[PDB]
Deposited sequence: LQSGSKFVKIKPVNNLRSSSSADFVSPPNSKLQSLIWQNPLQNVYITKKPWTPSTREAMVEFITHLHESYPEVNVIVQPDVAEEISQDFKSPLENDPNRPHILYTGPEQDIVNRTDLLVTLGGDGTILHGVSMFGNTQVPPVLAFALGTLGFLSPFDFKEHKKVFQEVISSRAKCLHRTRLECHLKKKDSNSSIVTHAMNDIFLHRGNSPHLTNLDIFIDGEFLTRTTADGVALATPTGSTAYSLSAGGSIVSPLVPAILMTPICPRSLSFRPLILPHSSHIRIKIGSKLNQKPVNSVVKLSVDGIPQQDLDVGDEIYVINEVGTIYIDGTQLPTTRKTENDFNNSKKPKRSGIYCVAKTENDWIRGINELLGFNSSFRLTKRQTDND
């Protein structure tokens, strides 16, 4: 194993996305060859560690041109896990490119995740405002919803990816603009799942004034409220009683979290909606994709829109019908009562 600085590699090369006739998905076409592959994994998890080693071994064996990128602390963790050099000659060790977060962000052509939903969410968030490279997600360890591929098929799947034969689902994201009373500027954060406000530690209910496109919608006194992407419709929003929304639908979900109301039916809003929520009368917690942000005081506001740089997240898909299969087999959608045995 040899650790090298990632700053030796060229900046990210963009892929092209085309919508073929009678497809729900976008063809992933590498206009310049794929080279910079960043691999992230669920930490402190044996199966993701072993799968990473095995995936990198496979890449170094089968794809000389591919440069493997990992985090610094990860490169240290897995260096001892490789023993046999390439084709068993001591002159080709396993080259791991690594460096500061920004260097990785600037150079990544393809993001590969080994783990669950958290792994994808945190990998994608690392990119901040840089357009996100395509995401190839393998499910390892405890199951989540978003990763379509079993690690066992990693060789066949990656071959389709690098050969411009794979297709991607486009997942839209929300932008959260936080405006606190005190200071000058907005803090902007991107959400794959959701942005939510919650009483959290406080025993007192939130009082939220909700505006759509400048028009007052409603006051809600509640545990909180969730604004979700269609991707996020299966996450917190689903727990709170929301509908399941195919990731192909352009929309924003507004789902109340335990409201003092008999009639706050969940809303499905247009993609282009501008949502403003004002904290009315440390009272309220703000979270983006589950990660706590600043605490909000009475008078603070969030402004939420769809992300409009190529926007959104392109995730390699297994089939044209991944969503159907996921809701059935992962979420237990419309499970039949037992009719025999």
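Engineer: Ranges lacking C-alpha coordinates, please, mapped onto the deposited sequence and listed in sequence order.
Structural biologist: Several stretches lack coordinates - namely 1-7, 289-296, 324-349, 383-388, in sequence order.
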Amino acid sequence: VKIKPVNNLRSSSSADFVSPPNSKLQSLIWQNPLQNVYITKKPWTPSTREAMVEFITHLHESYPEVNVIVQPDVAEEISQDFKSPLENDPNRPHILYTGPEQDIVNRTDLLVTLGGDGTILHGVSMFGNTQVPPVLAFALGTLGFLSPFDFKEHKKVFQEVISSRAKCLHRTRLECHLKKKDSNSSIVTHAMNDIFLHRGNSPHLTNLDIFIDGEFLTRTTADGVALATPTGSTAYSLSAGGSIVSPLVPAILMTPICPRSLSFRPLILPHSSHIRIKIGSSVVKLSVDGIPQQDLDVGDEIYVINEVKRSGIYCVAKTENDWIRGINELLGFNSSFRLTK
From here on, numbers count along this sequence of modelled residues.
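Engineer: Averaging only over Cα atoms, indicate whether 282-290 or 59-67 has the higher B-factor in the PDB entry.
Structural biologist: Mean C-alpha B-factor is greater for 59-67.
Engineer: So 295-303 or 270-278, which one's hotter by mean CA B-factor in the entry?
Structural biologist: On average, C-alpha B-factors are higher across 295-303.
Engineer: Identify, among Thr113, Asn88, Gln102, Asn193, the residue whose C-alpha carries the highest B-factor in the deposited PDB entry.
Structural biologist: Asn88 has the highest C-alpha B-factor of those listed.
Engineer: Sort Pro133, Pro93, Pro148, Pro247 by C-alpha B-factor from the entry and give me just the highest.
Structural biologist: Of the options given, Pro93 has the highest CA B-factor in the PDB entry.
Engineer: Can you work out whether the C-alpha temperature factor of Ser14 puts it in the lowest, middle or highest third of the chain?
Structural biologist: It falls in the top third of the chain.
Engineer: Using the B-factor values recorded in the entry, state whether the Cα atom of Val161 falls in the lowest, middle or highest third among the modelled residues of its chain.
Structural biologist: Tercile = middle for this residue's CA B-factor.
Engineer: Taking the C-alpha B-factors as the PDB entry records them, is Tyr38 in the lowest, middle or highest third of its chain?
Structural biologist: For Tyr38, the deposited C-alpha B-factor lands in the middle third.
Engineer: Would you please rank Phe127 by its C-alpha temperature factor against the other modelled residues of its chain and give the third it falls in: lowest, middle or highest?
Structural biologist: Middle third of the chain for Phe127's C-alpha B-factor.
Engineer: Within this chain's modelled residues, let me know which third the CA B factor of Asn334 belongs to: lowest, middle or highest.
Structural biologist: As the PDB entry reports it, the C-alpha B-factor of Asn334 lands in the lowest third of its chain.
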